[PDB]
4 protein chains.
Amino acid sequence: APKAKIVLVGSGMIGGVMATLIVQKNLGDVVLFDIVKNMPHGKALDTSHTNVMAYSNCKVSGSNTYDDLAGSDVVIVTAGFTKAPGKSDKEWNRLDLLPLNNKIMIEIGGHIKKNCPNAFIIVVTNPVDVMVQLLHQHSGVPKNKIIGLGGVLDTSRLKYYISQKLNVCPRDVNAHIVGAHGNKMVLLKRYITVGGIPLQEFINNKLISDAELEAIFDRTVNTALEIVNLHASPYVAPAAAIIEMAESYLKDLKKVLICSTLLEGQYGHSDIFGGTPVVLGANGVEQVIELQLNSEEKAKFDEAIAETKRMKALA
Amino acid sequence: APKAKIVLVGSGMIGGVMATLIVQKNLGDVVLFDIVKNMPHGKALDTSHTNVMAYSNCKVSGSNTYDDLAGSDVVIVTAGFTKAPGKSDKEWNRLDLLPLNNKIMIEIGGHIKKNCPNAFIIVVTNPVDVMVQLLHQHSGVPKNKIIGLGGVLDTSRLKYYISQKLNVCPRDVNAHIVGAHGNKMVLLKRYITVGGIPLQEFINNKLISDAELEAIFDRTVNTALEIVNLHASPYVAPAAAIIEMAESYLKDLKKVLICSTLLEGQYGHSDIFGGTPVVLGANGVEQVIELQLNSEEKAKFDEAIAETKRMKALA
Amino acid sequence: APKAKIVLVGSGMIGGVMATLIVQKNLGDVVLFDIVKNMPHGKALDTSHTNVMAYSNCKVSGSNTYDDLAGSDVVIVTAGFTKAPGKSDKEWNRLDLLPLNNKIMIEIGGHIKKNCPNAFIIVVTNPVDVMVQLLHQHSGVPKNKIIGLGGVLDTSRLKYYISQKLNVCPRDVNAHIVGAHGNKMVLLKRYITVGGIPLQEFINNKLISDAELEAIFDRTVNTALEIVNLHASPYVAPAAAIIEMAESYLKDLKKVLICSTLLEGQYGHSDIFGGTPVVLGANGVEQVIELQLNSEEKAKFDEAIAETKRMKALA
Amino acid sequence: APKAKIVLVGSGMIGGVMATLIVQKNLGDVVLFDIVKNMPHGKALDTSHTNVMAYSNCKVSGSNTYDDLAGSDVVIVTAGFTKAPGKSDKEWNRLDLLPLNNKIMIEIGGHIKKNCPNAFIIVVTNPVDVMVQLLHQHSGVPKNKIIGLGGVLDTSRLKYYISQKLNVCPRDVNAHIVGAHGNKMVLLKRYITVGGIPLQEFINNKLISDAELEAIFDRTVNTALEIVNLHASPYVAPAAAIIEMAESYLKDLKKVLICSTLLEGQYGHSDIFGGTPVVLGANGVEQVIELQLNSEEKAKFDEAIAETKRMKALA
Ligand SMILES: NC(=O)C1=CN([C@@H]2O[C@H](COP(=O)(O)OP(=O)(O)OC[C@H]3O[C@@H](n4cnc5c(N)ncnc54)[C@H](O)[C@@H]3O)[C@@H](O)[C@H]2O)C=CC1
Ligand SMILES: NC(=O)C1=CN([C@@H]2O[C@H](COP(=O)(O)OP(=O)(O)OC[C@H]3O[C@@H](n4cnc5c(N)ncnc54)[C@H](O)[C@@H]3O)[C@@H](O)[C@H]2O)C=CC1
Ligand SMILES: NC(=O)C1=CN([C@@H]2O[C@H](COP(=O)(O)OP(=O)(O)OC[C@H]3O[C@@H](n4cnc5c(N)ncnc54)[C@H](O)[C@@H]3O)[C@@H](O)[C@H]2O)C=CC1
Ligand SMILES: NC(=O)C1=CN([C@@H]2O[C@H](COP(=O)(O)OP(=O)(O)OC[C@H]3O[C@@H](n4cnc5c(N)ncnc54)[C@H](O)[C@@H]3O)[C@@H](O)[C@H]2O)C=CC1
């Protein structure tokens, strides 16, 4: 069948929500692959029944066999750790996931190269900007066929917090967070709009203040940590963000979505992956949009990339 | 039942598409009211069967009785003429619909006042900015409970044409057209974004030129005329625009949508209706957003309002 | 792009609603082909703008060129007449459309054979059971790649009328109408269920009577005539039925839908098309389900096929 | 705002998926209430961001305060244990949850009575048929305003397994499981249809055998145990089933759905809750449908009710 085959490499919390959303949207057949025995089968069985409630027809299978990557149209990688086994939630940091997740990406890359070299790849494993390039290199896929999750999620948080202060539909607030997904993420105040109107107009009208926005910015950057300390490493929004990206690709929607992508000169950077708006369609990353950042914004972008480069040196 | 009752006053081309979309979206029960005998019943019967295909449960009834407005939660007025009975399609102009549709609005207003004074009203009949105020005055409804169709439709055309040149998802282009729905509509080049990014960046990158944009602007303004000369007064997009507005109201989405609304000082105008972004939610027009227009843009806005004022004088 | 290309051969009332629904559902690119100059372009332009309201990305183009069938994944044929130019609405009969639509099918078949021999074809033009076979023969497509509209529409009417008497969700009533789409359609009382429960149980409980059901049966058979006399040849429900079929094919849903399909022994008939439940998926007509009809029901089926055979003899 | 307020009493695995699906479908505002400190806030925060990806506008709040039940339109109770703290997964049984969950229902009932006596209640906590009546009595709500989850979930499993053997859309298989949700659930072979066609026809055609169906029946009954031993107490399908019920109520769909409801003579039983098809609409349980079971099926139903009665005696 010409229905898309979507392989979720990693069947944990995010993997579970992704499978659920894929069935709700009838996006394609799903394989919940994981290193843990039987669990993926259990989740798959549970999720497969929703086809009835959703009026869909998507097969949902579990797997503990890498070769099931064969024939994959889309591969979503969440495989790895959410935190370092010994740190407290208070000291939670994506950087500490570097020595834990690196070897996993190499292993997965080799299987992708052998089994589904023409698949569209979405990397989620943290530190994402480092992990995505590691997988790009080991999988051998073209630069337009691999992206990392970052901006769609970070901006969803920023967009949401602003929409609640202004009392407008969440999707009506558009915003851009670039550079890298982590504590050095670059929140672009200048590029925020509400109903397509520059945010500064709402600031001028005393509808939202600069002080409130600064607090919203800090909350956005610290959201993962805030949720990690309240409950666990976030998974619902991450899953929804990923599926919006996967959906744009599968349905050729050509949505402008901020993702980690290979930079080849944009922002003065090359040979590294960084967050920037891209257009996702049938041909993968169809366009890499370079925001005409001012020097102050570019300095922040450089600081974000510097972090990715530091961890890429695996130190 | 607490399901919303939506009365479509006018069951012509736009009325037909609206009923179809309401059932697709399961928005509420529908009454296709019209002055023409039996036709509304025929359309209603045809449309009611789609409940099966759509997995919905919306009653769709025809009516030739004004009293069926009783209990209406939303009233959409398309009643009237699409053109003046004697003009050629080449000389098609919304202004000529003034002497034809004025009496119709007064009649409908009286029935709304008597039967459903608490309903949310959406006026479509042209010249819309004039007709909406006429209905506002005769229906007695509060200013936050009545709007006219204009900007959502005009901008859909502008957004679409730009999305095809740039190869991005149509919804990713945001744009604003204000003042009035007609030949004096104000297309705000300064307020156009793509994926939330200022359009000027795409112009700077030679992705779209100023000359191409100027051609797109003219096409947008002349779209109705272009379609009227190819086929008929547009109805599919108008219907979709109206339902997006009605849906924002019914589901309390709080979308920022450009509609004709009573101006009370915005842009230096009062006691007149004009197109401007508003927030539509459960309380109707919850916010009227005034774009901080520059003098050049304001001069264009004044020219648009001048036209509405001229026809309002019924001359 | 791998997005499906859907060619609507005939851009009239049904064609218009189909294009609208395809965009709402983001099913694929649409070509509104017609013999009438410019009209398809006008409708296409109008419909294309809805991509904005619908958050979709489907191209909608008009055409007056048969070669645009090239590359078509799905071809929906509505081309032809809705009534005979001289009969009154009171004497409206699908049989009189035979001498009007036959030549049209042959012409379209030749173009399909040359331009898109691997496309999935849905024939709507009346008398449908005759027209579908005529197109099958002239297009050269495999038997599993062509079907005619009939049962999904006829049953939607029967299902709907019963759901309103019993006060249940319309989709919860399942029913089967077979043989042919026309005055000899076979309404199978024995195969009606409500929430999967045999209808006879509701009849036993005095929730609906046999007399009421008999009236509902007559209304179902005469629905097209009833609407034709109130308004025009039905188009909204027909369009929704067609899209449900096209959607089952495109998304590999494998829905059991009653359509006109080539009979090869089922019900004792061969070399003729007749209405019967089929399973529509990625491989087209994946299964032809033969209802184990009793002799009384089979006698009615024979009467329906007899009519198709009579008109097939073009008399 | 007139948007529905949905209180999820219990914010565990099922609660999490429900909140996610409510936002996807824009069903209403959500309160994730739980006894565990901070966790509901974390899940709510995570889920609230999806409003962006889903184009919805549903508030999602966490709570550790019972009074937040005030103003609730729908209350979904999942509060309790999934297993007895000391049993192995191999010996997992819903009956052992009786001494653990009883006190919880009484406590919740008192709060519902005081805070939202007019809310529609959906009980999920196991053993569900016992728990729902316990909550009915302590909450004081009318019999038409409270139901327990059971049949929609059990049948989703049966419907699914059959659809995969027959290669048809999962929703096209309709089936009925009654009496109680547990090991004594009554699978009604006689009431199974495929595309509305009696299953026996497919058995006659050698498309599926009686032996295969018997294996599918056993798998359906043991599904929860199978998943519990592979992964954990199922939550994705349960959540989807619950939301389909809640949605039928909120949108007045009037779907026929099998749920645990107060029996007042049906099947020869009174003063006890049992699984049976009901019609869920704006007025709650609008109809209780009694299947005209034969003596053999009724004997099985009696065995199911006997179990509920035994545990109701809290022994
Ligand atoms: N890029 C972004 O914006 C975000 C990144 N993340 C990251 O996503 C990753 C996953 O998050 P969760 O799903 O919450 O974690 P989780 O721990 O729930 O799931 C990860 C799964 O990966 C599995 N795994 C380990 N090695 C495997 C391998 N070789 N192949 C397949 N599966 C394997 C584990 O058994 C586990 O089931 C983490 O690194 C997390 O930090 C989380 C949110 C957002
Ligand atoms: N505001 C905007 O953005 C747009 C405005 N329009 C306007 O919408 C109006 C309707 O357009 P269509 O649906 O294409 O026209 P149409 O001619 O197809 O339908 C109008 C219907 O109103 C009926 N009618 C007349 N008096 C009536 C009354 N007293 N009460 C109820 N029904 C009555 C007519 O019988 C007719 O069926 C026109 O004035 C058109 O110019 C069209 C597109 C966009
Ligand atoms: N099978 C079924 O269940 C149903 C069948 N019908 C039939 O569908 C057909 C179409 O119905 P409507 O859309 O309401 O009619 P319509 O008259 O609105 O549209 C038919 C279109 O076909 C065009 N046409 C004629 N020759 C053409 C050709 N060579 N190629 C392409 N286009 C050409 C006409 O110009 C016209 O625009 C009719 O025969 C009608 O009887 C209608 C409802 C249900
Ligand atoms: N009726 C049916 O068809 C099905 C029933 N179930 C039942 O649903 C229940 C919940 O299942 P899961 O969500 O997987 O369990 P879970 O353990 O993940 O979640 C239950 C939550 O209830 C909380 N809780 C305890 N007392 C509370 C109170 N007084 N008020 C509010 N929250 C409180 C717990 O802290 C926990 O977070 C279980 O009894 C399970 O057996 C599960 C599937 C289907």
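One-based numbering along the chain as shown.
In case you wondered, yes, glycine gets a Cβ from its N, Cα and C as well.
Listed in Swiss-Prot:
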- C:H181: active site, proton acceptor (ACT_SITE)
- C:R94, C:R157, C:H181: substrate binding site (BINDING)
Cβ-centroid neighbourhood (8 Å) of the substrate site, C:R94, C:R157, C:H181 excluded: C:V128, C:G150, C:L153, C:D154, C:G182, C:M185, C:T223, C:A224
In the chain carrying C:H181 (active site, proton acceptor), residues 6 or more apart in sequence that have Cβ under 8 angstroms from it: C:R94, C:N126, C:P127, C:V128, C:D129, C:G148, C:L149, C:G150, C:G151, C:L153, C:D154, C:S260, C:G275
Cβ-based proximity (under 8 Å) of the recorded positions C:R94, C:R157, C:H181 to chain B, or none: C:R157
Cβ-Cβ neighbours of C:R94 (substrate binding site) (radius 10 Å): 24
For C:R157 (substrate binding site), the number of other Cβ atoms found within 10 Å of its own Cβ: 28
Pairwise C-alpha maximum, in angstrom, for the residues (C:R94, C:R157, C:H181) that bind substrate according to the record: 18
